[PDB]
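Quick note, the sequences are listed as chains A, B, C, D, E, F, G and H, same order.
Numbered per the entry's author numbering, the first sequence finishes at 175, counting up by one with no gaps.
Numbered per the entry's author numbering, the second sequence finishes at 434, counting up by one with no gaps.
Numbered per the entry's author numbering, the third sequence finishes at 76, counting up by one with no gaps.
Numbered per the entry's author numbering, the fourth sequence finishes at 304, counting up by one with no gaps.
Residue numbers for the fifth sequence, in the entry's author numbering: 104 to 376, 401 to 499.
Numbered per the entry's author numbering, the sixth sequence finishes at 350, counting up by one with no gaps.
Numbered per the entry's author numbering, the seventh sequence finishes at 436, counting up by one with no gaps.
Residue numbers for the eighth sequence, in the entry's author numbering: 105 to 108, 144 to 467.
Presented below is the structure to which this report refers.
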Amino acid sequence: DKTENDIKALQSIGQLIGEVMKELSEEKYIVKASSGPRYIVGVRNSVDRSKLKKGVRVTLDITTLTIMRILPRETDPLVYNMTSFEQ
Amino acid sequence: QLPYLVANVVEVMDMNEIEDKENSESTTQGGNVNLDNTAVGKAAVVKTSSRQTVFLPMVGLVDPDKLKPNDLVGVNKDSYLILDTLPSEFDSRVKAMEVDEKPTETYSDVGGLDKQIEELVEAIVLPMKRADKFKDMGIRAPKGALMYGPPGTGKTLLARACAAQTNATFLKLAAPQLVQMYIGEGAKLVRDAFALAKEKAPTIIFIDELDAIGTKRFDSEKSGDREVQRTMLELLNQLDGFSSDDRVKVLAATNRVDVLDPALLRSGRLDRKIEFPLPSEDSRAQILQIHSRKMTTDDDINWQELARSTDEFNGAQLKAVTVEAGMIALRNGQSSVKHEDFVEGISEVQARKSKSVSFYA
Amino acid sequence: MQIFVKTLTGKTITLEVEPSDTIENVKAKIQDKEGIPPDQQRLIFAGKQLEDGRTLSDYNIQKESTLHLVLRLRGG
Amino acid sequence: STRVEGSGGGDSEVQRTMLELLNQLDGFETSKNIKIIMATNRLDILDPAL
Amino acid sequence: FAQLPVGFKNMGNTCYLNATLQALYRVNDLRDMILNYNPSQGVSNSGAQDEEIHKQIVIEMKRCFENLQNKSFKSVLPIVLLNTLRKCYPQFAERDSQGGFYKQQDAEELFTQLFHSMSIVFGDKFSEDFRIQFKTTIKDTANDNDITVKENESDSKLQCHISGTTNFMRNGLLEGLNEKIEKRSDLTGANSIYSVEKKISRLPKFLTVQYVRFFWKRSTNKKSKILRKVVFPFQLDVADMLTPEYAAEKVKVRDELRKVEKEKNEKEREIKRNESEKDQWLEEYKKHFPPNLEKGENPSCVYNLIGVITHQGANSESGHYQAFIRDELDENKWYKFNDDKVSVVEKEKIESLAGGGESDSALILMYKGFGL
Amino acid sequence: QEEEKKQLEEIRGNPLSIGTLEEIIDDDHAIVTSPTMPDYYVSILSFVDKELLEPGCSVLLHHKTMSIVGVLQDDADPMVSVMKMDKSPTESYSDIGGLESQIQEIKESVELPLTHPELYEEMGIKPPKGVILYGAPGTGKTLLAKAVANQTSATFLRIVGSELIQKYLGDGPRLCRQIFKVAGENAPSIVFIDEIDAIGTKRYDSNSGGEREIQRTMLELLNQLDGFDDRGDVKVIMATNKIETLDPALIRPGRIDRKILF
Amino acid sequence: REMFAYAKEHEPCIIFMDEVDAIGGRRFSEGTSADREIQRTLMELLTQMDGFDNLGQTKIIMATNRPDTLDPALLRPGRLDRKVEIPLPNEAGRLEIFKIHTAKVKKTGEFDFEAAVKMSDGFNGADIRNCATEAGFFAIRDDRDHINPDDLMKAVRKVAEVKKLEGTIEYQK
Amino acid sequence: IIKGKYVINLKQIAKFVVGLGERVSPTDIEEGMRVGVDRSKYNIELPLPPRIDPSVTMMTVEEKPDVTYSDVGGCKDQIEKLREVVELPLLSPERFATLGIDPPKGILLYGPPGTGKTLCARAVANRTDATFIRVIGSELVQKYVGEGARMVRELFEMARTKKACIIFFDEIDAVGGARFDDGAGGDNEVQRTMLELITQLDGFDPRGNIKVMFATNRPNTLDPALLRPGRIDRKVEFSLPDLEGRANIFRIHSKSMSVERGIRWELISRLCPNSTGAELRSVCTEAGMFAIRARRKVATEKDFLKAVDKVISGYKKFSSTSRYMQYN
Ligand SMILES: Nc1ncnc2c1ncn2[C@@H]1O[C@H](COP(=O)(O)OP(=O)(O)OP(=O)(O)O)[C@@H](O)[C@H]1O
Ligand SMILES: Nc1ncnc2c1ncn2[C@@H]1O[C@H](COP(=O)(O)OP(=O)(O)OP(=O)(O)O)[C@@H](O)[C@H]1O
Ligand SMILES: Nc1ncnc2c1ncn2[C@@H]1O[C@H](COP(=O)(O)OP(=O)(O)OP(=O)(O)O)[C@@H](O)[C@H]1O
Ligand SMILES: [Mg+2]
Ligand SMILES: [Mg+2]
Ligand SMILES: [Mg+2]
Ligand SMILES: [Mg+2]
């Protein structure tokens with residue numbers, strides 16, 4: 089099972105994060121990526137319109153660029169080092 | 074096998090394992106009952122050195138007790154999945170601070186000025202090794218010991234001699250090199266010089282020349298000394314106690330003790346303050362005899378007579394007498410250093426020709 | 001017969017062989033324990049090469065001797 | 255504020271370079287076309303090379 | 104216009120021979136003996152029928168060298184010699200698939216085989232000229248219970264074994280003439296670690312040192328080539344690898360010769376503002416050579432650099448050897464032999480061949496005895 | 089012509105990716121850093137003569153695999169734009185006429201060794217190098233410099249001395265160091281520094297100018313005038329009238345041979 | 264920007280800026296290009312604190328090593344409502360600090376602090392803790408695991424001698 | 105280095156773990172060393188010399204000027220002091236192993252202007268056959284402070300890898316001068332390179348066969364931590380010519396000049412005050428311009444007198460005729 093779980097991750101692919109910059113139309117969303125350049129991208133029926141608001145991180149695929157799911161916010165690798173000072 | 078990218082873990086957010094009826098994610102999914110529909114396993118977000126972040130289902134083979142929001146990992150380039158964990162990165166200039174079979178110079182290259190040595194051993198070496206007694210005593214560790222006094226006194230040479238002699242790890246670091254105009258990553262040279270050191274502890278960070286990051290000023294106007302001090306403050310951050318300065322130490326040599334920062338006057342930064350004097354009567358004679366140990370000498374010499382005609386010279390000036398004795402011997406056409414030529418090397422080099430034409434003095 | 005073979009990494013290992021045995025046996029035995037293939041091996045003694053068709057008594061090769069092993073390289 | 259004690263103005267340094275090119279720039283295609291029209295509150299703050 | 108020697112035109116897949124020959128002919132006794140060959144030179148008789156093939160090879164060098172010295176010529180043929188070598192050793196006579204023609208390997212091996220042939224023809228007395236004799240003490244680590252002294256161990260060149268111990272040639276020579284032998288034999292114990300120190304007991308009059316560049320990677324199971332920077336001094340002193348006794352003898356002669364060498368280097372520059404002048408100095412030099420000198424021995428412990436074989440490009444499995452030799456008339460003037468492309472290069476070009484990288488780097492260094 | 093281009097284009101592009109040459113290696117290789125980004129470990133086709141190129145050159149790389157097809161020679165910078173002439177004087181000599189009794193120490197050390205090397209062969213030793221002109225203004229110095237240039241037909245650079253003062257620090261010496269390397273590249277040049285008393289009175293702000301900026305540029309110009317370099321023939325013309333704001337290492341005779349009073 | 268956002272995601276997040284001097288400094292901009300990063304970052308702080316974002320949950324502690332090093336917008340209270348002075352200790356305020364560090368040490372009992380500490384003046388609070396450390400260097404000299412009054416009165420005296428090296432004169436408003 | 144693969148930074152910055160191919164061994168890769176890797180799959184293809192930052196440490200390296208040692212500047216005993224510190228341990232370390240002393244390396248060339256300090260390091264550049272690296276101290280300062288710190292370190296460690304070289308620190312009165320603290324100044328950025336000069340020279344080991352000459356044209360601008368003589372061994376003041384030394388210098392110039400012999404070179408030294416060695420170098424060239432007016436091939440006795448007067452009135456008009464920039 090330790091290697092079966094690795095198979096399942098391996099035959100999958102990564103996601104590339106964006107956030108909803110501006111709603112354009114029903115099935116078209118404008119995002120500004122965390123890597124930069126803005127796109128227009130689509131949605132599956134794996135997400136709702138009432139479940140998206142702006143500044144909410146969204147997944148995209150790196151082979152079709154379509155949102156499948158809602159993603160929690162991000163927060164610096166740097167600011168986690170500050171919470172580890174308490175001594 | 075190769076290739077595989079090197080990355081850091083932004084954060085871990087963790088989705089549920091596949092054992093529920095309603096998704097295996099912490100987030101909510103458009104559409105209900107799903108368990109393998111569009112809901113995925115445990116998750117970590119990592120930042121690639123191709124400069125993006127990728128949200129991946131992390132490999133079940135890599136235990137999630139290995140991931141930290143600040144840890145360096147392998148990622149398979151072709152399809153981005155954590156392959157493995159790897160130790161943390163260090164910058165190339167920081168990897169050569171280490172020893173590589175550093176030679177020792179031990180106390181056999183030092184004659185005269187024993188008191189200095191004693192203070193150094195007590196400050197640095199023994200709180201490392203006798204670190205239990207220190208807790209018994211009920212006091213906090215030293216963050217470093219300062220060395221100061223005029224140029225040529227012997228500071229640098231001590232530092233090397235003792236660190237190699239006792240086998241405490243000697244990091245070779247020079248102050249201006251931390252000042253870089255990459256600042257933020259050049260300030261991260263400072264951060265990594267402590268990062269290496271906390272793994273390589275106990276360790277001695279010998280910073281040679283402490284008047285670049287030991288500047289008096291931190292009120293500067295309309296100049297680029299406001300770039301300079303931002304690598305000074307990061308050092309003072311890693312000498313504030315969130316430990317990682319409790320066995321990680323600092324030696325510092327400085328030639329000017331007039332411009333040291335007020336946040337380095339205070340103890341908790343540099344604690345022990347070692348003065349290096351002008352040598353006494355007896356001490357000068359010992360110093361000469363250490364340089365003369367290596368070379369041939371005649372047995373008609375007397376170091377006390379030589380110490381009369383030297384008036385409170387320090388150690389650089391005395392090295393320049395012992396080598397100049399043997400300059401003269403080659404020049405006459407011998408190879409035996411005459412006992413008379415010490416006398417002529419004192420006058421030949423004082424680090425000054427004559428005392429500058431007298432006409433009313 | 002015990003002989004010594006100085007490898008490419010300049011460390012001496014021993015080898016157990018015979019003075020009647022051919023150089024092809026000598027090289028086969030180094031193949032078993034290091035992995036090096038005979039046709040890239042060159043066993044030297046006295047500054048003179050010991051070819052595959054030679055043995056270990058043609059040049060008076062007895063025990064407590066060290067052969068110096070160096071490797072081939074192609075081109076022209 | 256130390257360039258007006260330092261050079262008569264830091265803009266007078268650029269003006270002074272300009273004017274010296276123009277002393278022998280009378281022919282480049284043969285005749286002058288590009289004139290240097292300088293202007294200031296009063297001309298007591300100008301450099302003696304202007 | 105000006106006098107310059109001729110080179111070999113590479114047939115292709117032949118440079119391993121062409122490159123090596125040039126370096127050898129710089130050596131003063133080498134070129135002499137091939138010229139003054141008679142079919143009456145005493146052989147090391149114990150029988151053997153390949154003594155006769157060795158004779159034929161030495162004739163081929165003689166005529167190659169006659170072609171080389173004389174200008175009625177711009178190319179020296181290796182073809183008759185190639186045919187003799189392929190008869191002699193049937194490893195060069197195979198056939199590559201998808202590449203082509205006659206098997207190509209190995210300037211090191213080739214110098215070894217050439218000296219073997221010459222020593223049969225010109226006797227064991229000629230063998231001593233490049234041959235080095237050691238004093239080997241094989242002795243346990245701690246107290247000795249088993250000891251053997253070998254002088255019958257011998258070589259005709261040094262093997263500088265790189266293991267990442269080189270930044271200078273001397274270090275790696277010193278750690279490959281120093282070694283630990285592990286045993287697999289029964290004593291009254293077994294697997295005793297012996298310290299072995301070989302020291303030179305007889306200097307050659309001509310020194311060769313080869314860098315070892317190859318490795319068998321065992322972690323991938325494929326041949327790689329070591330790449331490293333090793334500075335080689337033009338003026339090589341082997342004092343520390345001799346025993347105290349032998350070092351004492353050669354270092355005292357060396358210091359007097361360095362006085363006369365200094366005196367020449369001053370006089371040369373003045374008269375500027401040649402062969403005969405060197406001979407007037409030679410007659411002065413030979414007077415400080417020891418009266419106990421023997422055959423096949425340098426009168427000093429110092430050697431000067433007359434050849435570098437460089438190997439360029441990618442992997443081993445591939446190679447086009449060009450070479451550098453020093454002029455026979457000069458001392459800081461070097462000829463680059465890139466097959467038949469012969470050119471003058473300087474000291475700076477020789478210095479650059481320390482290597483590391485896909486660039487030219489050293490495999491073989493030829494020196495010779497007598498400082499100057 | 090027909091057979092030459094067939095086998096020339098076989099390795100020469102279509103697009104020829106530009107590189108900048110960092111360093112060569114002596115095995116017929118180099119390591120380039122491209123202005124586009126990626127470095128490359130390039131070979132060299134080597135019909136451009138391996139020893140004919142050197143760091144700072146702009147190089148032609150091949151678009152299949154990056155090999156040095158060739159090397160471009162002749163560049164221009166925004167820093168030699170300032171130096172180069174944008175006119176050719178239209179007032180030629182003796183439009184400075186009058187005060188012509190000490191024009192004989194500027195037409196027999198500046199013009200002449202170029203015109204006759206013959207007369208300086210008879211005496212042999214070093215020719216005259218340099219003049220400094222000084223006097224009150226209105227003695228024609230600035231055009232005199234541009235008029236002896238007409239006669240010799242040697243590359244005349246002209247640089248103003250208020251452009252050797254910059255409002256940034258450390259990059260001043262770097263600009264001045266350039267000026268003479270350009271000049272020696274032309275085998276004959278004349279460099280006129282207009283107002284070399286404008287590097288010892290002029291400053292911008294005091295935290296990137298000040299005494300220090302002035303001080304450094306004087307010291308730099310010593311090495312350029314002579315120092316170690318041993319460059320080609322540059323005749324130098326300096327016009328100044330404040331000759332006490334300079335190093336006492338340039339206004340000594342033995343560098344700027346005759347000094348002329350007007 | 265993301266640090267103030269994070270503080271709003273995390274009730275009662277308290278932010279210590281440690282050693283601000285040259286990341287919240289003045290306009291400067293006649294030196295390096297580095298000085299324009301200072302501004303850029305400095306605006307960020309004020310826009311979070313005040314605008315259509317206002318913090319009452321969530322607190323700022325600004326620690327600076329010399330008061331007059333900062334931009335005047337950081338000298339404008341309303342983001343920074345209190346400018347609290349923490350003194351260099353008083354005569355008998357040194358006694359207060361000495362008593363907390365004499366419970367960190369192992370000792371044989373000491374209650375003779377007051378006279379010596381009152382007139383050993385010249386100390387900041389970290390030098391009380393370094394007088395502890397120097398008494399533990401005197402202690403190791405005598406071969407002790409303990410602090411005694413024979414260590415103590417030498418400790419305050421020594422640390423005083425070495426602090427004559429240079430002083431600290433900085434304006435206190 | 106990860107011990108048994145390595146972490147590289149591409150120059151496209153992107154980091155990768157790479158292995159070992161078939162041209163590379165276990166021991167070929169070092170810290171901060173460059174390696175070339177393959178673009179389809181990242182693996183060490185060819186090891187490479189360290190550090191691509193060098194390009195302006197290569198504009199201070201040039202090959203040697205071949206000026207003779209038979210025409211030099213200053214005809215005193217001052218150049219033989221150079222021949223014991225700089226020149227001889229490069230030629231022969233054998234004598235300094237017999238003495239048993241740590242060989243002598245450093246020397247200061249300091250004193251009056253115009254005394255041919257650069258002429259003797261060019262003269263030595265022909266003779267020793269040792270690579271010369273010549274430095275301008277004023278090219279070491281950059282607008283963006285911290286850049287020249289990098290610069291110095293890179294040159295000096297690279298030079299320990301070279302063998303038998305001389306580094307001529309020229310014009311280091313800027314960086315290498317005085318040190319002082321300001322309150323709102325802008326001098327401090329420059330001092331960074333000053334500090335880096337102290338710490339590379341002294342090292343954490345001593346110089347690996349680097350003989351150092353420092354040319355200061357004022358003996359009044361030197362860091363007080365190179366003023367100490369332990370790293371700058373015997374230091375020889377190049378001063379203005381003596382009354383016998385000027386006669387010698389003028390004789391080298393006039394053997395090289397086409398003249399009529401029967402001209403006193405001693406007389407010419409008398410008319411002169413004590414003054415630079417460069418004045419006598421311009422007596423001949425002005426006597427050469429009087430040759431052409433006179434219509435000669437030679438310079439004769441008379442016109443040297445005119446030339447001598449020209450330069451002397453020049454020094455009267457200026458200064459540094461007995462100045463040291465104040466205070467020997
Ligand atoms: N007590 C001593 N005995 C023998 N030699 C000494 C002694 N003190 C100093 N020296 C010699 O004087 C030299 C100069 O001192 P050193 O350079 O080590 O210290 P420093 O004061 O940090 O100088 P800098 O900062 O200028 O490098 C030493 O390297 C050593 O050769
Ligand atoms: N003595 C002169 N005889 C003839 N024309 C002169 C004289 N002096 C100056 N001029 C003329 O004045 C104009 C500018 O002079 P130029 O700039 O060449 O001289 P300068 O001596 O460098 O200083 P300035 O410009 O301050 O006069 C030109 O038209 C030039 O011909
Ligand atoms: N002693 C001398 N003998 C002959 N010529 C000299 C002498 N001194 C100086 N010169 C001439 O002066 C020219 C420039 O001098 P150089 O550049 O060596 O200056 P320097 O003596 O190092 O002084 P500074 O540091 O003040 O610039 C030389 O090329 C040379 O022709
Ligand atoms: Mg030091
Ligand atoms: Mg703090
Ligand atoms: Mg004018
Ligand atoms: Mg100078």
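A virtual CB, placed ideally from N, CA and C, is assigned to each residue, including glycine.
Any non-hydrogen atom of ligand 7 within 7 Å of residue i CB
| i | result |
| --- | --- |
| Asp312(H) | yes |
Spatial neighbours of residue i in its chain, beta-carbon cut-off 6 Å, leaving aside the 5 residues before and after
| i | result |
| --- | --- |
| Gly175(H) | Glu184, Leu185 and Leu187 |
| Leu219(B) | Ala325, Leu343 and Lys346 |
| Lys234(F) | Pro177 |
| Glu24(C) | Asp52 |
Closer than 7 Å: residue i CB and nearest ligand 2 heavy atom
| i | result |
| --- | --- |
| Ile184(F) | yes |
Proximity test, residue i beta-carbon vs ligand 4 heavy atom, cut-off 7 Å
| i | result |
| --- | --- |
| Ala326(B) | yes |
Own chain, CB closer than 7 Å to residue i, minus 5 neighbours either side, in chain order
| i | result |
| --- | --- |
| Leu159(A) | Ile105, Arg145, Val146 and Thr147 |
Heavy atom of ligand 1 within 7 Å of residue i beta-carbon
| i | result |
| --- | --- |
| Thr300(H) | no |
Beta-ladder partner(s) of residue i, from DSSP
| i | result |
| --- | --- |
| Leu109(F) | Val120(F) |
| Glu348(B) | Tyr221(B) |
Cβ neighbour criterion (16 or more within 10 Å) applied to residue i
| i | result |
| --- | --- |
| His273(G) | exposed |
| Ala260(B) | buried |
Residues near residue i by beta carbon distance below 8 Å, same chain, minus five either side
| i | result |
| --- | --- |
| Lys165(E) | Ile137, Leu138 and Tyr140 |
So does the segment 310 to 328 of chain H actually touch the segment 357 to 366 of chain H, counting three or more Cβ pairs closer than 8 Å? yes
Cβ contact check for the segment 278 to 285 of chain D and the segment 311 to 328 of chain F: 3 or more pairs under 8 Å: no
Using 8 Å as the cut-off, can you tell me whether the segment 371 to 388 of chain B makes contact with the segment 328 to 343 of chain H, which would need three or more C-beta pairs spanning the two stretches below that distance? no
Is there contact between the segment 147 to 160 of chain E and the segment 217 to 225 of chain E, where contact requires at least three CB pairs shorter than 8 Å? yes
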